[PDB]
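For reference, the chain that follows is the form solved without this ligand, supplied as structure tokens.
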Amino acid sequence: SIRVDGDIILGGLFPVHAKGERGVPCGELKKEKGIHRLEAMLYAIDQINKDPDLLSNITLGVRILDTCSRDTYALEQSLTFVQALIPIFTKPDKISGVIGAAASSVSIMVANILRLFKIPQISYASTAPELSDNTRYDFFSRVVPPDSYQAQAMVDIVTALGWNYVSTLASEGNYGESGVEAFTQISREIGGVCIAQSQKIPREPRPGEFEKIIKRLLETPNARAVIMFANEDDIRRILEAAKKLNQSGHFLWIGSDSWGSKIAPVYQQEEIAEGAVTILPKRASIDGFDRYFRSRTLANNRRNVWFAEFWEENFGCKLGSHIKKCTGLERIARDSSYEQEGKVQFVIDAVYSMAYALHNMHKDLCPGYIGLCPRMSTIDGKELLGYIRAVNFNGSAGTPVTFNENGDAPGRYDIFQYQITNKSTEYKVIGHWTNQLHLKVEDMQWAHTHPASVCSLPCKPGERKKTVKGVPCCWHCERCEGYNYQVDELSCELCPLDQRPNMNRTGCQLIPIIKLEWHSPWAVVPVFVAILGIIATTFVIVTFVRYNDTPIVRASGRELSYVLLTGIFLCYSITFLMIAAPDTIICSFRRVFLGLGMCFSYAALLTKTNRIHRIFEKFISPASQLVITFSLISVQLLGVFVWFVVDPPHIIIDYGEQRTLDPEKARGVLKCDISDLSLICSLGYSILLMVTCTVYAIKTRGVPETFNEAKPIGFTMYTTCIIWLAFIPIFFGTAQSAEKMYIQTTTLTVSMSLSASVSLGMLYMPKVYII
């Protein structure tokens, strides 16, 4: 032990020597982690005791103890610490603070025993995340960052690159499992870092297991980022197996606190090490400690009680091989070489933080007094912890020191990379991590531009993306072709009527509209027939007007021929008017004229038959004109006057009409959708007028002393009966998806024309060449 005297004595623990399996500490004196830390703590104390404005007139002393890398051995030392609480007796000293427990195993139960006695310790090389809970180590603190502040950094550098799908290797131990658990715990918080697999390697791998794990990694090829937490030999063996397995250019390694910047894990694996995101703890070097340690001799340091063994093992001298007492008076380079240990910037920080806490304590309790105080003759653990956990200052290497509520210092890492460069090896810094992510993506080279490890490639408008369940990371796209529009990016809902989905990138384009018009394959026949019919009717009217006084006319034509000719003309007017496009007016007049024409014709013939029969068994010319012009015509004139068949133009626009399935093509109609029942009622009224004339022509089939006109009346009525009987089933041939406007319209117009021709051609059109 090193019993330095002081007004405020604070102790320490260091890993000097090693675990002695023989029941006694086996002589090692590692002297890299043991000596370089006692000397650093004593250097820090000597510097603090020589600063006029750090602790003022107060001085410090240190009781240093030696943990032999074991826990149970450290227990007796920890007990020795608390000896002022329980015959030339020596008054024992009261410890106010312990700096030690470098190994994380010693830290745990040393923290237990010290928290049972209210002593705030500040560890320097204990990074296990399990010491970050104020329920079993409430008095613990650490200047070194915990291992759970690195995984978060990884997440950041995972996110800032763009990756959303990674693997997670994990060695068997306390380091790898805790690191991977921390990474998974931070994963769920923000998402977007979906982990595909989670492998697990044993401490002692049985022959032939590495290939199995690597092929397990080859389950999902889309996960090309491996976030490893393993040891040097594990990294080497994984990389060698990957190289042998001929699966290069497929993996993007993500380092940890164990890959660092060493060239040892890849000696022949330089080819299969391209890409590294290894995260290493920020380092530094203390010139003052070097100037102290290199200027010590065997008669300048009696404080240290293990310095003879260090003067022996550093020079081979055994005092009492070579029995050389002095040799390297300067131990810098005379014998062997000097290499300041890495974790020498965290014991000076602990000592300085304790001193700063004590100084802050002295400035508040009893200000205005130099030296020791009646309110400061016994330090309290709770107050000292409160002052420790509120320090902010710049220490060695200009690094701020601060603690959280638990007492965990913030992390400060650097990030490296590994890639070929003109057949060589080089770990350039590609950024750092000090409370945030700092990157140098311009100085990055994945020897591919920028690779990625995203689960699902971005989707494309036209095929709907659905997010899978359990992990919002792998969206599956499914095609929803059909009669439907994409309301939003994903959902493709029903596309409204009159709006037909198209073949463009996205759209619902208007359905083309069709309708029979003047020029058409099924349009020449009725217009040709109708023009020929009006030519014939004009020829007939020319014959009748060129000779009217002639007695051949006096058999008719007094008041009947005018009406009958008007009806025959209106029938051809119907023939021309049915087929025209029913935009606004064409379909309005349709029913009115359709009635009136054949009404004139058939009512005239009916009254002619009735009057010839009655005179055979009031034929005055104006009387006959009155009884013809208003017998059945007035009925339809009143029907037109109060619209029953002629509704206001429906113009039912046929967006649907025949609902064409698989709407790659469809049709729309501009028909005037007056119901077929209107055709039924008009036809029925006309046939009702026809029935009486046909019957009364049947009855007088043979009549003497009568003109030759009486028989053709019957012949025309018979022919019209036949043509209408043939017509009506063709009307009942509608309601077929084939042609709703090509069958019915041609049928009706041809029937009308043929009836007009029969009534004309066979009745009074002949026997005119004579006149």
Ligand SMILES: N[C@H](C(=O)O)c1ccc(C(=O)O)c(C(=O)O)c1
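Residue indices: 1-based, along the sequence shown.
Below, we refer to the form deposited with this ligand bound, which is not included among the displayed structures.
Overlaying this ligand from its position in the bound PDB entry leaves no ligand atom within 2.4 angstroms of any backbone or C-beta atom here, which marks the pocket as open. Here the chain stands alone, but in the bound PDB entry its contact with this ligand, taken as any heavy atom within 4.5 Å, falls in 121-129 among 311-319, 431-439, 121-129, 480-488.
This ligand in the bound PDB entry comes within 4.5 Å of a heavy atom belonging to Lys343. Contact check for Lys33: a non-hydrogen atom falls within 4.5 Å of this ligand in the bound PDB entry. Using a 4.5 Å cutoff between non-hydrogen atoms, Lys262 counts as a contact of this ligand in the bound PDB entry.
Using a 4.5 angstroms limit between non-hydrogen atoms, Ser104 touches this ligand in the bound PDB entry. The contact with this ligand in the bound PDB entry, taken as any heavy atom within 4.5 Å, belongs to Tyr175 out of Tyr175, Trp163, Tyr356, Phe289. The partner is absent here, but in the bound PDB entry a heavy atom of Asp257, alone among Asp257, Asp414, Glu657, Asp71, sits within 4.5 Å of this ligand. Residue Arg37 is the only member of 34-70 with a non-hydrogen atom no more than 4.5 angstroms from this ligand in the bound PDB entry.
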